[PDB]
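This document contains two forms of one protein chain, each encoded as C-alpha cells and listed individually as structure 1 and structure 2.
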Structure 1
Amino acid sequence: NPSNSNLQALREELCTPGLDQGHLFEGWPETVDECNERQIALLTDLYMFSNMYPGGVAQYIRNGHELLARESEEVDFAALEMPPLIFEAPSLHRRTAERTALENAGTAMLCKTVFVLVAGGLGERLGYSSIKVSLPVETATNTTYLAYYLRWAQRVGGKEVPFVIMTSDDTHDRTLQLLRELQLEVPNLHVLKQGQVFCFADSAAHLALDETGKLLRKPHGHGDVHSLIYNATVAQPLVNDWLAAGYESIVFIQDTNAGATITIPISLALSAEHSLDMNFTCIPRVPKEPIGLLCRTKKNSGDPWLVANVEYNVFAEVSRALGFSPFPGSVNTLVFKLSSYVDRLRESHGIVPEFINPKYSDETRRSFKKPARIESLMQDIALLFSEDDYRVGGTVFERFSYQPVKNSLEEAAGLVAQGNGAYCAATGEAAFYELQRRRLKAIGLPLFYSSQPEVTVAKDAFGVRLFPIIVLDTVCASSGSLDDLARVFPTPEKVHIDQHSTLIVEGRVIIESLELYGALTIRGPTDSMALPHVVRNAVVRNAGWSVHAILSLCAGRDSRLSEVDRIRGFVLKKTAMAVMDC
C-alpha cells in the first residue's frame, strides 16, 4: 500500500496551512528515498492511519480543529426535557405476576440476543495491574467477570451464542490468555480489537510524539465498538450473519457490572412490550453522582428532539441557558432491536459523533497538561436514531442492581465521606452476595441475617458484610430467573441456611431440604440435561468460613496477598468445607 510517491504526497499535504505538521519533519531529507528506516516508518504510520480512521490523519486533524473550537464554547441545547418513553421496572426482589411475566418473556428473548462486552478500558484507576475482566465477581468462587458473562450467555443463548468482546492494545493479549486459561469454548465469539488514535500536543492540533520520537497514541473511546462491528466479517458481514440466523436483539454491557444479568431480561421484555428500538438501562440518579442523565434534547432551535445520554456538568450548564432527579441515570447497559441497530449501523458505517476533552495545566493558558485525543462514546449511537422513525427510551431499575467495580479503596473512602457510592471491589463483592440472597428470599427461602457489617475496610472508613454466602453456578441456576431459582429450591421452607454459612452449588442440583451451619459445596452433573443430584434431609455443621480485614502492617516477602485481596481490603478464610458429590 505505501508507495514512496504517496508517502511524499501525504508528507506534502500535512505541511499545508490548516494542517501544519511541519514540526514532524524537522531536519529531514527532501525526499523519501533519502530518508532512513526510522523516518520512513513515521510517514508510514501516518499513512496507514487512513484504514483505521475515516479520511486518515488529515481528516483527524481537521476534526480536531473543529472539536477544539467547539469545546472552547458552551455546549448548550435549545431544549432539554424528560425523555418521553421511560418505564419503571418492577422490583428484582418481589415475585409478582408482572415480574414473572417480564422475566419469562425476556428469558425467551435471550435465545435471540447478540451480546457485546466492551473490555478495552484500563483498570489502573482501580490500582489493579491486570485486566478488569479478570477481576473476580466474588472471592468465594473467584469466578472472573469474563467467565461470568460468557457462561451466562452460553446458558441463556446456548453454546453457539453470538458474543463480541471489544479489546484494545492494553487488554487484548491478556484477554486471549484468560479465555485460554479458563478453558472457555465459545464457537461464535468474536474478539475485536480497537485501534489507538493520534494525540494533540496543543490547542492548534499539532500531533504529539512520545519519548522514542514516535507518534503518541491514546484510545478513541468505547464508541469504536460500532465501527468494529460494522467492519467485521465471518466475505459476509458479521451483522448479516446474525440477522440471517434469526437474531432479534443486541445488547452491550460494560466490563464490571454483574447486575447486567438481572436487568437485561427485563429490558428485553419491555423493549418488546413498548416497541423500543433503543432501550437505555437506568437507575434513579443522585444529584452529585458521576453518572450521565437520559434526556430529551434539542441542539439548536427548531431542531428535532433526540433522546440521548448527556453528562451532568453539561446539565447544570444547559439549565442555566434557559425523588432523586426528574432525569434518569444511564448505566450503559444498552439494549437494541437488532434490525433497527443494523439499519443505523449500515448508514453511518458505525461512526458516531465525536468530542474532545483536553485536560489543561492551567485555568489560564491554553496549554495541555497532557496530549489530548479525539474520543467517542458507545451510547452516542442514540444520536442517529431520530424520533421520526425510531423509539428510544429507558427502563428504570433499583439502584442496587447497579454494581460496578470502578473505584480504588482510597477513592471509595473519600466518596463515602461525601455521602456517595463507593463502587469499589469491597462493595461489588458484597452487593453480589446480597443480590443472591434477595433473589432467593423472593421465592420463599427463609434467610435470616444481620444487616450489620462484618469487616471494615479503607482504614476503618466503612464496613461491608458478606455472609451468608450463596453462589449457584449457571448449570445449577440456569438464567437466574426467579422460576429458575425455584427449580433449585422446590420446597424452600425446608432449607435452613444460617447467617454465617457458605453454600456453593455447581451442576444439576436440586435442594429439597437442608440444615446448614457451616460451609458446603454440592456438585451435580455438568451436563445441563443430565439427571439431577437431589439433596434431602441434609444436616451439615462445621467451622465454615470467616472474613477479616487486611491489617495496615503488610509484609512483602512471604505473604500470599495479591492485588485482588488488597483492592477489597479483606480476605475470606476458607477454614472448613463439606463436599457432597455425584
Structure 2
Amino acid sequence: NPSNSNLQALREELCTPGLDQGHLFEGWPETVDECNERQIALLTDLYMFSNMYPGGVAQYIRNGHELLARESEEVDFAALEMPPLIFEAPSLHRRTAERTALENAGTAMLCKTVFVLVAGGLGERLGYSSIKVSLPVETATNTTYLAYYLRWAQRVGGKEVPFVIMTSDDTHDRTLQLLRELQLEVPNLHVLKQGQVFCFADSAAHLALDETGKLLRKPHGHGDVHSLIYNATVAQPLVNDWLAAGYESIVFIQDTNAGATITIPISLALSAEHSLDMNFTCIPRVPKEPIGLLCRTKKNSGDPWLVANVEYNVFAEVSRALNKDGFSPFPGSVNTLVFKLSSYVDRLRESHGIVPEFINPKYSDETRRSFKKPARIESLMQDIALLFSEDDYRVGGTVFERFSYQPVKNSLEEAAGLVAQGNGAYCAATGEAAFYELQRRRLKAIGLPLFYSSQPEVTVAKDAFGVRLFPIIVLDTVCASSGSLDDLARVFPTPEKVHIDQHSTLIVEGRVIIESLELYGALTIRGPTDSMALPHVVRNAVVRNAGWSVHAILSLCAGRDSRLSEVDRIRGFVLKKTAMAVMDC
C-alpha cells in the first residue's frame, strides 16, 4: 500500500533524535525513487509495522527506551501480600459430595465456555523439532495434545464449540497441517497468528538486522492473544458473536498440560460460587520453580491493591528487599486462566486487548549493556489481570494438587539436572507417566480395584531417574465423555467386577460399557463412534496375552538406521506393543 512519499516521511522520521535509526539507511540515495528494491522493501517493512503494533515502529522504539530504562532499575512493590480471594479445590481422586457437586456444576458450565489455546512455540528446547501440540500426550494411543484438547472441547461444548488457537510464524503452517491430517472438523475454530516484533541490537534501542540485511524479528509473547481476539471478526467482533450466542466463560490453556481438562470444570464451578471475574489456576509452589506467584500487589505506596501474577524471575528480586516496619505462602500460577466472559470483554474493549509490556535483555557479560543477543519487547497473557481493579472486579485463585500440573517443558538432560536438585523434571517421560497415573487415580476414585506397584519400570537419562507406565488405561472422549467421575462411573457401572492386572493395557474407544472383565494383557475395546448410539457392553470377559512392555533406549544409539524418532528419544523409552486382543462392534 504505502506511497513512495510516506516511506520517505517515515525514513526521515526514524532518523530524528530519540529514534536515531540512521544506521538502517547506511549508504542510501536521497529519495525513494532512487532507492533499489531491497531498500524500498526494508522501508516498507518498517512502514507496515503500524498495522501490527500500536503506533508502529516509532512508538515501538519509544516503548523500548522506556522499558530499557525501567529494567535497568530495581523492580519493587510498595506492598505485596496474600491475595484475598483464594479457594482450595477438593482432591481429584476422592469422590466426595463436594467434588461431585463441583464437577457436575462445572461440567454444565462447559456448555457455555469459549476455549483458547496458546500454541505459538516449537519444542526444540525439549529435543523436538516439531510443534509442541503435535507431541503425544501418551504413546499408548499417540493422541496429540492438539487432538486431546479439541476432542475434549467438542465433547463438553458440542461440535460447534467456540475455540481459538493462537499460532506464530513458527507453528502456524504446521498447526494447519496437523488439523488437516488428523481430520479434525471444528466449525467454530479460529486460528489466529501473532506477528513478530522488531529487535534491539543495543541498550539505545537501535534496531537489529540479520545477516541478509533484513530487520530481525522475534515473538512478542503470549500476551498477543488478547489483541488478536479483540481484532478478530466473523462481520462483527468475535467476542460479540460469543456473547450474543449465550457464552458466559472463557478459558485460556497452554500447549502441553493435559491436567487442564480436570482443573477447568472445578475452576468454573468455583468462579460461579464465588462470583470471580478472573480465576487463576494454581498449585502449591516450590521456592525453586519457573512459575509465577499469585500475589496481591501495590506497585507504589499510592496505588490500590492489584491481584496479579508475579513472575518467578521477578519475585527472585523483590523478595530480597523490603518489608513495612513447605511451599511459598503465595500460590503458584500455572497459566490456566478462567474468566467470566462479560468481564473479560469489557476489559478487552477498554484496552483494545493491549496489556502492559516488558523487556528482558540477555547480556553478553555481567554488567555492561552489551547484548549477548538482540532483545525485544514481550508481554504475558496473564498480565491482563492488571486491568481488573479490585474496586470493580473479583480476581482470585483456585489451588489444586501439584499432580494436576503436568507440563512437558524440559529436555531429558534438563530433567536429570533438575531431579538432582530435588526439583520436578516436567519432561516427556514424567508427562506420559503422570497421564497414565492420573487415569488410574480417577478410576480408583469410583471404585475400580486397581492394584499396582509404585516402583519405576524403566530408568531414563543415564539411570538418573525412573518412571512407571503400567497399568495403561486410556478411554477416548466418546467412551469417557467429559471425564468427570460420574462419566467414568458410566463406563464402569459395577467396578468391583473389573480386574485389571498391573501389567495390562486397556484401550477403549467409542460407546463402551465395561461391566465385568478380567484382563492380564493388552486389550482394545471399540464401540460406536456416535455418542448417541447403543453402547457395546462387555460382560464376563476374560483376556490373557503377552500384552505390552517398556524398556529404556540404550546409550548405544548411533546407526545407519533405527525407527527411533525424536518422540521416542525425548522420553528415553519405548513401548513394545507385542500383543493385543481386539473386541469390536
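Between two forms, the rigid core is defined as the largest C-alpha subset superposing within 1.5 Å. FYI, numbering is relative to structure 1, first residue = 1.
- Shift analysis on the rigid core between structures 1 and 2 singles out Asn313 from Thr100, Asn313, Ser386, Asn300 (C-alpha displacement of 2 Å or more).
- Superposed on the core, the two forms differ at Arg365, whose C-alpha moves 1.8 Å between structures 1 and 2.
- Superposed on the core, the two forms differ at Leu482, whose C-alpha moves 0.1 Å between structures 1 and 2.
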